[PDB]
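Take a look at the structure set out below.
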Amino acid sequence: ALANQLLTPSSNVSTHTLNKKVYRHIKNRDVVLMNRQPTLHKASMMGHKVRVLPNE
DNA sequence: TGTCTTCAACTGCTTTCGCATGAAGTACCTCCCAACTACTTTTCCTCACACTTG
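Basically PDB author numbering = 1-based index in the first sequence + 555.
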């Protein structure tokens, strides 16, 4: 029922400029910042492209 | 009147990030509590003596 309401029209002039938000799960198109303690250097905390692996 | 020098006392830090799993102080005091035994408590039960009789 909510899937057919994600695109509803404006309702209040207070909110007419916004659009709804969806808290989507992390997926294969997001980048994530991996850090390993040692931080000793900036190269020890890089951004990797997320690949969800099954049964991990 | 003025400026200088050493020593000892005082200040602040000296790996990061998480699991465990939190527990334990205690003197002085006690009033409450649990105890053993005896004592006490409430209802009930049943008999008994004297004067008089003949």
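All residues carry an ideal CB built from backbone N, CA and C; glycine is no exception.
Could you please give the first and the last residue of the uninterrupted beta strand (DSSP E) stretch that includes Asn590? For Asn590, the enclosing beta strand (DSSP E) stretches over residues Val586 to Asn590.
Length of the line joining the Cα atoms of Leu562 and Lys576: For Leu562 and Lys576, the distance between alpha carbons rounds to 10 Å.
Let's see if you can read the secondary structure: which residues bound the beta strand (DSSP E) around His571? Here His571 belongs to no beta strand (DSSP E), and DSSP marks it neither H nor E.
Mapping the DSSP letters down to three states, classify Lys597 as helix, strand or coil. If DSSP states are grouped into helix, strand and coil, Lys597 belongs with the helices.
Sorted by chain position, which residues of the same chain lie with C-beta nearer than 6 Å to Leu588's C-beta, five sequence neighbours on each side aside? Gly602
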